[PDB]
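# Summary of structural features
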Amino acid sequence: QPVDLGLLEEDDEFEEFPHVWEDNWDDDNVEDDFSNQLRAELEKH
Amino acid sequence: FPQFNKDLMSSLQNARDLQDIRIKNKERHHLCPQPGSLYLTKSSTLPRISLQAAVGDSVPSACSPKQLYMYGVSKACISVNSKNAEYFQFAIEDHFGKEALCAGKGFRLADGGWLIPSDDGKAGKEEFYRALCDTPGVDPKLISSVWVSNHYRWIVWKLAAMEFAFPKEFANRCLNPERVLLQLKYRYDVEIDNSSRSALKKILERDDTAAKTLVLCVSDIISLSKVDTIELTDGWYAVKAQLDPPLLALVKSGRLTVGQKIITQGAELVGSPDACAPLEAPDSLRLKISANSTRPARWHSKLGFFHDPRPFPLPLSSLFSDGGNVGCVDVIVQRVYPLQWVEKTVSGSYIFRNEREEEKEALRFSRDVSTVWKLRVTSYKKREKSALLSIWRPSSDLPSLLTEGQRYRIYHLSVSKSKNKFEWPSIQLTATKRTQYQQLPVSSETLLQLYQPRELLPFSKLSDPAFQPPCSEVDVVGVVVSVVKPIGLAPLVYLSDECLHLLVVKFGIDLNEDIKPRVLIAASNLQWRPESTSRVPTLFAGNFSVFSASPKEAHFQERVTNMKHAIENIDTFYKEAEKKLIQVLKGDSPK
């Protein structure tokens, strides 16, 4: 089975009305959930 | 698409105006609403699937030059930045195959709209637009061309990424007409018939100009005045943010690239109020972002408003000099300094006095002055940059609260200043109107890892290399042996301990009157700098420093007395023997 693109919670399905921050900005680490970023990728071809 | 210079060029042109009538006809009745194929599945129960889950842990990884064929990724989608997406143009040929493709008829895509190719076999905004009007349940009268233009902009851009970013998960199942139309109606179901509103919508629309904690993305680096600001889109509409120097610099540096997501508690709608609508937004309008309230989000996360408006506590070490003000620090109060009554001069500037300097100049005296209770604090994390929070006009119920050795989480404690003189790691928190204090427990060791209580400086220390006092400051008690007030500046007050071990104090403030010789002085908050080697170490009297002939403090008296003693049993030849010493303690003459 493939990703039911219908029941997939999209990056844009906003919520009308309702570690999660990342220390220093001048950070130049090298990994995880802040690393790349779908969309930013595309831009940097 | 066929090259029938005619016919195919007509078959269409006919199917169109034939349609133009359909849309036109709608304009004759009250179209009852009719939700799309998406707003109905997502609106149903059915276990949904996070973007993250779908992908299954992995993160946005580029195509692979080649291998993109291994999954098949339109070299065409692979060709769309966040600024051309408004165009793109599907190649109906690439998506339908000769048959019906050849017939002007067109294509009836998801929901029922008719996507009718352009003379030259294309599909775009004004093209998908008409196709949404040709859709059931939609009321052409409710959506501008601009509207679908924009909403068309992001939908491709998103799908574009998704296939390019996770070439395996969404390989070649996202970008195409069936979706851009299956979804264009969604946004319509969402926004028009159900009224749900994007964040920047309620925001810009002033129906919730809250402008609190948003998760926006960068859609373009505005080039105007060589790098103006940037465009921030929340998936539904975009805005140019007003940036601060710490941030902007990041754009330049290539720190903040396009497509990246930001989290931001700051949020300010600078420029124009009145209350508009996302598309008809006044050019004279920016969405202020502040580098100390903002940070990069998880690739997935989700655009728009976040959950809690409770400021995220970020390390105090960071924060920019001129980086906008902070909303939350999880500090651990180092020291607490003497309340000051700063009277605001007339020609400008101010004057700082003490609980006592006031009384004097309080009778010696329309006034105009504000108390200032400063205190040195450091982040509960690690390193520790020991900042100097400045609470102004402090509330009486405050002193009994904020207390050295204790862990507190201060809010909106910002303005963040200082930078002059030397170096640069000189931030400067300042309590603000909305600022608040929240006390939090500390693990014995962790505190004993950042907090070193207020001891009493034993002079013999000022001479040991390894000596490094907490917050380069110290409290003392000693016998004044001579006060020098050279003309110009730099008064001096040499002290001494029972052992006739000397030390010196250069004053920045004014000589506290009762400070003449023979006076056992008790000092608090003396600024310490490395003094070994020094025939007689120097301590500097700051503005925080204090001098009392008879300290109210307990342990001080405990000492001022305890010493006033051991000295007596030597007074039979002290203050003299003492002077005799410092006398030559200014020797090493040439010859």
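Helix and strand counts for chain B stand at 13 helices and 24 strands. On C-alpha atoms alone, chain B measures out to a radius of gyration of 36 Å, which is more than a quarter above the 25 Å that the 2.2 N^0.38 rule sets for 591 residues.

This model, assessed by the stated rule, comprises 39 salt bridges over all chains. Its salt-bridge partner being A:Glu10, residue B:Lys158 comes within 3.0 Å of it at the nearest N-O pair. Linking B:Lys158 in helix α6 (residues 145-165) with A:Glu10 in the segment before α1 (40-43), this pair reaches from one chain into another. Note on accessibility: B:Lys158 and A:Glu10 belong to one class, buried. Where A:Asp12 meets B:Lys158, a salt bridge forms, and the shortest distance between an N and an O atom there is 2.7 Å. Of this pair, A:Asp12 sits in the segment before α1 while B:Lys158 sits in helix α6, which puts the two residues in different chains. An identical accessibility class is assigned to A:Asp12 and B:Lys158; each is buried. Through salt bridges with shared partners, one network takes in A:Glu10, A:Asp12, B:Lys158 and B:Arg187.

Looking now at the nonpolar core. All names here are of chain B. Counting 91 residues, the largest nonpolar core has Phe128, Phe170, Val180, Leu184 and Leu232 as the members making the most contacts within it. Mapping this core onto the domain boundaries places at least three of its residues in each of domain 1 (1-196) and domain 2 (197-310). Judged by nonpolar contacts, the second largest core, of 28 residues, contains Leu314, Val331, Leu402 and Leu429.

All names here are of chain B. Backbone geometry at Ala275 places phi at a positive 100 degrees, although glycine is not the residue there. If you trace the backbone, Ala275 turns up in the loop between β7 (268-270) and β8 (286-288). Using a relative accessible area of 39% as the deciding quantity, one classes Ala275 as partly exposed. Of note in the backbone geometry, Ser416 takes a positive phi value of approximately 35 degrees without being a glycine. Within the element layout of this structure, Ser416 appears in the loop between β17 (408-411) and β18 (436-439). A relative accessible area of 4% places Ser416 in the buried class.

This brings us to the pairing of strand β19 (residues 473-479) of chain B. Within β19(B), 7 of the 7 residues are buried, which leaves the element mostly enclosed by the surrounding structure. Burial along β19(B) is two-sided: the face carrying B:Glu473, B:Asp475, B:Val477 and B:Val479 and the face carrying B:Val474, B:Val476 and B:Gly478 are both buried.

All right, on to the side chain of B:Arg179 then. Looking at the secondary structure, you find B:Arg179 in helix α7 (residues 177-193). Beyond its immediate stretch of four places on either side in the chain, B:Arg179 contacts A:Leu5, B:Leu38, B:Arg173, B:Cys174 and B:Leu184.

Residues and elements named next belong to chain B. An order of β19-β23-β24-β22-β21-β20 is seen for the 6 strands of this open sheet, with the pairing classed as mixed. Among the strands making up the open sheet, the edge pair consists of β19 and β20 (482-484). Neighbour-to-neighbour, the strand axes of the sheet open up by a mean angle of 40 degrees, direction not taken into account. Both strand β23 (residues 520-528) and strand β24 (residues 538-548) contribute to a ladder of 6 bridges, which runs antiparallel. The partner of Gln527 across the bridge, within β24, is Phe540. Docked against the sheet, helix α12 (residues 554-571) engages β19, β21 (492-496) and β23, running at close to 35 degrees with respect to β19.

Moving on: the sheet that holds β17(B). Spatially, the 3 strands line up as an open sheet ordered β11-β17-β18 (chain B), and their pairing is antiparallel. Edge positions in the sheet fall to β11 (328-329) and β18 of chain B, since each has one partner strand and no second.

With that settled, consider the domain arrangement of chain B. Examined at the domain level, chain B breaks down into domain 1 (1-196), domain 2 (197-310) and domain 3 (454-591). Taking only C-alpha atoms, the centre of domain 2 of chain B and the centre of domain 3 of chain B are 56 Å apart.

Residue and element names in this part refer to chain B. Buried residues of helix α13 (residues 575-584): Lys575, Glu578 and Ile582, and no others. Each buried residue of α13 sits inside an arc of 60 degrees when the element is viewed along its axis, so together they form one side. For α13, the exposed residues lying more than 90 degrees away from the buried face are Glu576, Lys580 and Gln583. Among the structural elements, β19, β20, β21, β22 (502-507) and α12 are those in contact with the buried residues of α13.

It is worth spelling out the interface of chain A and chain B at this point. Taken together, the 38 residues of chain A in the interface contact 76 residues of chain B. The residue inventory of the side of chain A that touches chain B, partitioned by class, reads 15 nonpolar, 6 polar and 17 charged.

The rules behind each value
- Residues numbered from 1 in each chain as written, not as in the entry; some residues may be left out.
- Chains lettered and ligands numbered in written order.
- Heavy atoms only, no water.
- Residues with missing side-chain atoms left out of burial classes, pairs and counts.
- Helix = DSSP H or I, 4+ residues; strand = E, 2+ residues; numbered from the N terminus.
- Rg over C-alpha atoms; globule rule 2.2 N^0.38 Å.
- Salt bridge = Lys/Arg side-chain N within 4 Å of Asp/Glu carboxyl O.
- Buried < 20%, exposed > 50% of the residue type's maximum accessible area, 1.4 Å probe, protein only.
- Core = buried A, V, L, I, M, F, W, Y, C linked by side-chain atoms within 4.5 Å.
- Domains from an automatic or database assignment.
- Contact = heavy atoms within 4.5 Å.
- Pairing = 2+ DSSP bridges.
- Axes fitted to C-alpha atoms, helices over the stretch in contact; angles between N-to-C directions.
- Arc of directions from axis to C-beta.
- Nonpolar A, V, L, I, M, F, W, Y, C, P; charged D, E, K, R; others polar.

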